[PDB]
């Protein structure tokens, strides 16, 4: 199944934050309407924040997260969860190796903001 693709409400501000847990340097690309809107790159085995940014979902609402390590795409897992019919999380994990911890880059998208 496709993973890391989410339809946000259109024209809505959202936060995106990435954490790293791997010996490999992680590159996280965030696309809005198929166009790169943010890129974070960092390395940590202690869950450091390698980037955080406020974006806007634009006219289409389409948001896609991609993760790669030294140019190789990581395998993604994702889901969206909504609490009290209001608070939204779009969640991504990724695996760059063999251990299937799926935390090598962890990406959290949250909305609404403000």
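Residue numbers count along the first chain shown, from 1.
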| request: Would you tell me which stretch averages the higher CA B-factor in the PDB entry, 72-80 or 36-44? | output: 36-44
| task | Report the stretch with the higher mean CA temperature factor, choosing between 84-92 and 26-34 on the basis of the entry. | result | 26-34
| query | So among 5, 109, 1, 8, who wins on Cα B-factor in the entry? | reply | 1
| task | Could you say whether, by C-alpha temperature factor, residue 100 belongs to the lowest, middle or highest third of its chain? | result | highest
| message | Taking only the Cα B-factors deposited for this chain, tell me whether residue 54 sits in the lowest, middle or highest third. | response | highest
